[PDB]
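Peer 1: From the sequence below, what's the structure:
(4 chains, ligands or ions: 1)
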Amino acid sequence: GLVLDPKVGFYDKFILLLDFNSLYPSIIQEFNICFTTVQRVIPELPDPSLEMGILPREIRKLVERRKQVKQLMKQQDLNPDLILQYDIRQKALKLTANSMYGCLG
Amino acid sequence: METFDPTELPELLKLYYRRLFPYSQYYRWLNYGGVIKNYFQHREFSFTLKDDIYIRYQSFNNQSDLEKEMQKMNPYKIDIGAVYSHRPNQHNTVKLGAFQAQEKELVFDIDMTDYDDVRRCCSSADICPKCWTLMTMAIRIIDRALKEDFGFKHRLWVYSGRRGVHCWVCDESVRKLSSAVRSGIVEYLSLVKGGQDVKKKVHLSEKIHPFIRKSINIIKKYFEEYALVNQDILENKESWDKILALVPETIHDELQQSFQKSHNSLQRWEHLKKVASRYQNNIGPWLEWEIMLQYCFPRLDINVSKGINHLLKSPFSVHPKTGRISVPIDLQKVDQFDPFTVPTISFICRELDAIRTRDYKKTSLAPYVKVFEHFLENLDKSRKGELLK
Amino acid sequence: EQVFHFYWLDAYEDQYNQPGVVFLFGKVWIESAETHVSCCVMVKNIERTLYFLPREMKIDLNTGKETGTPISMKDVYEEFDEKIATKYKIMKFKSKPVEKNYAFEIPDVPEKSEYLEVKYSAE
Amino acid sequence: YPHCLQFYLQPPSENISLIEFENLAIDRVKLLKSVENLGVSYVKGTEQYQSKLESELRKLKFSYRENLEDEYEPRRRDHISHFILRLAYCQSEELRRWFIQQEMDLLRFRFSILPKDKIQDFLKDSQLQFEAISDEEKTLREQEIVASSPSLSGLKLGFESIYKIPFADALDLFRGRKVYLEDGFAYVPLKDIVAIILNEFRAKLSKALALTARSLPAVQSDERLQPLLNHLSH
Ligand SMILES: [Zn+2]
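Peer 2: Residues are numbered from 1 along each chain as shown, chains lettered A, B, ... in the order given. Coordinates below:
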């Protein structure tokens, strides 16, 4: 990972600290990276014309289910126990994914 | 030529692919003398079988496989693709990205549905003696180039089956050309800028490059024989209204009375030859040639030659509709080439029934099989010449 | 015939001592008590399943070269049945030819190919 | 300036003092940062440009005095300097562009200085295959060469030397029917021949700046090279 040299020093005005949402997790999606997409033996991202492979097709569902859940959490006149339910089921589907990477490296 | 009966096709096919096709010569060709690893074992071929089922990445070990599997599948269609880096019949075997097209001939396709606005004798999909001059012009126009312009030596034209003609650029250095260059080729050899139905589709500039000028020279020996007597391109106003649409509006009125008082296109062409000529001097655009162009110059399909992996109809195959054999061309006699006399698979299967194997000789298929041999011989030359020297 | 339900939790296998058997712990419900109780279920006869990668050409492994004879599944079968089975003490087994993909870190291995599916007792 | 036009191809195997290693870069940049200015305040065809340009090329010692076969002072400076400054400018795709941009504005100048003659020798020799045609084949096919050429005014096929290249290498020009082709050969002048050089030069350079990054992780570790990687414009 890259590290940009920190501008040691004080700050009078505000400092907006932006970030990315689940980086390598998404990247393994963006560039269809997989055990059946990439050419290996720092290879080259296959072409955007190749279809998903096992790995993306399991990170696919991984957010296809975070879709449903994020949407059922929108429903009202709903069980305030299922509120706390859906919330966790969220965080999980989240963790699993991210480490999907830590799984390969 | 008797009516080709397309219900007999399933019968004739197994008899033709059994005893009349040139397997010996087809191998010897795509094999290119085993000068290299697996140039045939890595060559792709495509077959359209029964019910219209379309299979593709076929491949074989030797001349023998070719027969068994082609006498055991009796395809209606057959195509030759390119040679890849791994056995086509084995791409499931390899990783996805290491299997790729590396080499294929440089083929040019010229059909009749490309001049659907220049002919006044046939419908888009048909042909006859009267407009076939268009395939002969395309022939010496590009064959001319490929040889003169680029130095491509082994060009094999074949009969497409009903309304066009194909080219197989087989020089060793060509089979390995990058697609990018192949596009450059067609770009060079292309002049009809047919937009989304634009009247004037041939614009020239004051300086006219060699090919352009050599081409116009070969569109001149056929011009009046075809356009003005066979086609009579300007016998009606409906007909001439169409050729005026290329010339500058201010010229019409004068030509319109010029052909009104004339009595056949031959005199009507000499007429614009003047008016326009007179147009040129005081104003040039070369009005005389731009029209001979938009009417006589070949129109190719970029997608065909561009793709180094494109499946194109295999020589000596059989056309399901007309039945005719897709025969190689004899460039020593281009202008004598007859699409109408080309052997019918029905007809050739009749000539073997009215009868170490050479029975292809006993059929009228034989004459086209020799032009294919002179081809294999001129190639033997190259290998021999170029290598053993 | 007869059957019961139960939500599990953990499990365990004793390869050393009891191979081909795994224990599923969990919970079962019992009307008689109006509360669920711990509950263990044993699973026996879990056959080891193996996959053999046929070669494209039969090879004399000693020297290291072909014999001119192409390979078929029946070829592999009889190599296990007669030369590998005995040497390693395998009396009965199950062999079935099947199509199987692949895409990991072993050089010279087809992403797809027919293999020799062999299954035999964990013992 | 002299046999000073060189395709920065094939890596320097020498070795230097962290004093030369550091000075080759600071300097090699000062130049490249002057190629940048001149292109901003003047134009690519002015004397001031050509002048000052070779003036610094001079002052920074990158085209001058000779020596015994091996050690050619400026030859060397420019060879290393470039490669070394491939490290620094390989990262940001905004530096890779800027680099290529100014290291190509440079090959251009070192070409704008040589006469239609010296540039010829450099090609024959350079990569590998190119040929010139005698005034026999030259004038024999003269008219046809001027017909295939651009809006090129007049019928004047000047003294301007003409070359014969593989049709394939001139794709960029025969595709538009902008040169004469014969039995698989194209005939083009200097202008266009050069642009093709510059063209293939960018594409190869970019290609490299690519393979420079990939293997950069194996040095960022070194302490002496932080001031280069990180601070050549801080
Ligand atoms: Zn017709």
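
Peer 1: Who are the contact partners of residue 32?
Peer 2: The chain I'm using is chain A. Residue A:32 makes contacts with A:45-46, A:48, A:50-53, A:56, as judged by CB atoms under 8 Å, 6 or more residues apart in numbering or on different chains. Every residue, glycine included, has its C-beta placed from N, CA and C.

Peer 1: Chain D was what I was after
Peer 2: For residue D:32, the contact set (CB under 8 Å, 6+ apart) comprises D:85, D:99, D:102-103, D:106.

Peer 1: now do residue A:56
Peer 2: Neighbouring residues of residue A:56 by CB under 8 Å, 6+ apart: A:28-29, A:32-34, A:37.

Peer 1: Need the contacts of residue D:32 in CSV (columns: neighbour count).
Peer 2: Compiled in CSV, the contacts of residue D:32 are given as follows (neighbours: other CB atoms under 10 Å in any protein chain shown):
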residue, neighbour count
D:85, 22
D:99, 22
D:102, 18
D:103, 23
D:106, 19
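
Peer 1: quick one: which two of the residues you listed are the most distant?
Peer 2: By the measure CB to CB, the contacts of residue D:32 have their two most distant members at D:85 and D:106, which lie 11.7 Å apart.

Peer 1: about what we covered before: most neighbours among the contacts of residue A:56, which one?
Peer 2: When neighbours are counted by other CB atoms under 10 Å in any protein chain shown, residue A:37 leads these with 24 neighbours.

Peer 1: pretty sure it is in contact with residue A:49, am I right?
Peer 2: No. Taking contacts as CB atoms under 8 Å, residue A:37 lies outside contact range of residue A:49: 11.1 Å.

Peer 1: circling back: mind checking which of the contacts of residue A:32 are buried?
Peer 2: Buried members of the contacts of residue A:32, scored by 16 or more other CB atoms under 10 Å in any protein chain shown, are A:46, A:53, A:56.

Peer 1: separation between the last one and chain B?
Peer 2: Read it as residue A:56. For residue A:56, the distance to chain B equals 13 Å [CB to the nearest CB, to the nearest Å].

Peer 1: likewise the second one?
Peer 2: Spatial separation of residue A:53 from chain B under the definition CB to the nearest CB is 8 Å.

Peer 1: OK, contacts around that residue?
Peer 2: Shown in contact with residue A:53 (CB under 8 Å, 6+ apart): A:32, A:34-37, C:103.

Peer 1: Swap in 10 Å and give it another go.
Peer 2: Applying CB atoms under 10 Å, 6 or more residues apart in numbering or on different chains, we find residue A:53 in contact with A:32-38, A:46, B:96, C:103.

Peer 1: for the first one, same thing?
Peer 2: Contact partners of residue A:46, counting by CB under 10 Å, 6+ apart, are A:31-34, A:36-39, A:53, B:95-97.

Peer 1: same question, residue B:330
Peer 2: Neighbouring residues of residue B:330 by CB under 10 Å, 6+ apart: B:157, B:336-337, B:367-368, B:370-372, B:374.

Peer 1: are any of those buried, and which?
Peer 2: Among the contacts of residue B:330, those buried by neighbour count (16+ other CB under 10 Å) are B:157, B:337, B:368, B:371-372.

Peer 1: Show me those residues that map onto helices.
Peer 2: B:368, B:371-372 (DSSP state H).

Peer 1: And the furthest pair within the contacts of residue A:46?
Peer 2: Using CB to CB, the contacts of residue A:46 reach their maximum pairwise distance at A:31 and B:95, which is 17.1 Å.

Peer 1: coming back round to it: which neighbours do residue D:85 and residue D:106 share?
Peer 2: D:31-32.

Peer 1: Contact residues of chain A facing chain D?
Peer 2: Neighbours of chain D within chain A, by CB under 10 Å from any CB of the partner chain: A:2, A:4-5, A:42.

Peer 1: out of the residues you listed, who's nearest chain C?
Peer 2: Nearest to chain C, judged by CB to the nearest CB, of the residues of chain A next to chain D is residue A:42 at 16.5 Å.

Peer 1: Also near the ion: which of the contacts of residue A:56, exactly?
Peer 2: Among these, no residue sits close to the ion (CB under 5 Å from the ion).

Peer 1: which residues does the most centrally placed residue in chain C contact?
Peer 2: Central residue of chain C (CA atoms, centre = their mean): residue C:49, 1.1 Å from the mean position. Contacts for residue C:49 (CB under 10 Å, 6+ apart) come out as C:94, C:96, C:117-120.

Peer 1: do the same with residue D:157
Peer 2: Contacts for residue D:157 (CB under 10 Å, 6+ apart) come out as D:138-139, D:141-146, D:149, D:189.

Peer 1: what secondary structure does the most centrally placed residue in chain D sit in?
Peer 2: With distances taken as CA atoms, centre = their mean, chain D has residue D:107 as the residue nearest its mean C-alpha position (2.9 Å). Following DSSP: H, G, I helix; E, B strand; the rest coil, residue D:107 is assigned to helix.

Peer 1: Residue A:31 and residue B:95 - which one has more neighbours?
Peer 2: Taking other CB under 10 Å, residue A:31 and residue B:95 do not tie; residue B:95 has more neighbours (19 against 15).

Peer 1: which element follows the helix or strand residue B:242 falls within toward the C-terminus?
Peer 2: Using DSSP states H and E, residue B:242 sits within helix B:237-244. Following helix B:237-244 in sequence order, the next helix or strand is helix B:252-260 (DSSP H and E).

Peer 1: in that next one, what's buried?
Peer 2: Neighbour-count burial for helix B:252-260 flags B:255, B:258-259 (criterion: 16+ other CB under 10 Å).

Peer 1: Out of those residues, which are close to chain D?
Peer 2: Okay, of those, nothing touches chain D (CB under 10 Å from any CB).

Peer 1: Distance to chain C for those residues - can I get that in JSON lines?
Peer 2: Supplementary listing: those in JSON lines, determined by distance: CB to the nearest CB, whole Å:
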{"residue": "B:255", "distance to chain C": "69"}
{"residue": "B:258", "distance to chain C": "72"}
{"residue": "B:259", "distance to chain C": "69"}
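
Peer 1: what's the closest of those to residue D:41?
Peer 2: Checking these against residue D:41 by CB to CB gives residue B:255 as the nearest, at 59.2 Å.

Peer 1: Now that we have the contacts of residue D:157, which of them are buried?
Peer 2: Buried among the contacts of residue D:157 (16+ other CB under 10 Å): D:141-142, D:144-146, D:149, D:189.

Peer 1: which of these come close to chain B?
Peer 2: Filtering the buried ones among the contacts of residue D:157 for proximity to chain B by CB under 10 Å from any CB leaves D:141, D:144-146, D:149.

Peer 1: Chain C contacts on chain B?
Peer 2: Residues of chain B lying close to chain C (CB under 10 Å from any CB) are B:90-96.

Peer 1: If you drop the residues flanking it in sequence, what lies closest to the residue in chain A positioned nearest to chain B?
Peer 2: Going by CB to the nearest CB, chain B is nearest to residue A:39 of chain A, at 4.3 Å. In space, and not counting its chain neighbours, residue A:39 is closest to residue B:97: 4.3 Å by CB to CB, 6 or more residues apart in numbering or on different chains.

Peer 1: Count the residues that sit near that neighbour.
Peer 2: Neighbour count for residue B:97, taken as other CB under 10 Å: 16.

Peer 1: Residue A:37 is in contact with that one, correct?
Peer 2: Yes. Assessed by CB atoms under 10 Å, residue B:97 is found in contact with residue A:37 at 8.1 Å.

Peer 1: Show me whatever sits in contact with both of these two.
Peer 2: The contact lists of residue B:97 and residue A:37 share A:46-47, A:50, where a contact means CB under 10 Å, 6+ apart.

Peer 1: So which of those sit within strands?
Peer 2: Using DSSP state E, the subset of the shared contacts of residue B:97 and residue A:37 located in strands is empty.

Peer 1: Format those residues as a markdown table; extra columns: distance to residue D:74.
Peer 2: Conversion of these to a markdown table gives the following (distance: CB to CB, whole Å):
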| residue | distance to residue D:74 |
| --- | --- |
| A:46 | 45 |
| A:47 | 45 |
| A:50 | 49 |
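
Peer 1: Good, we can wrap up now.
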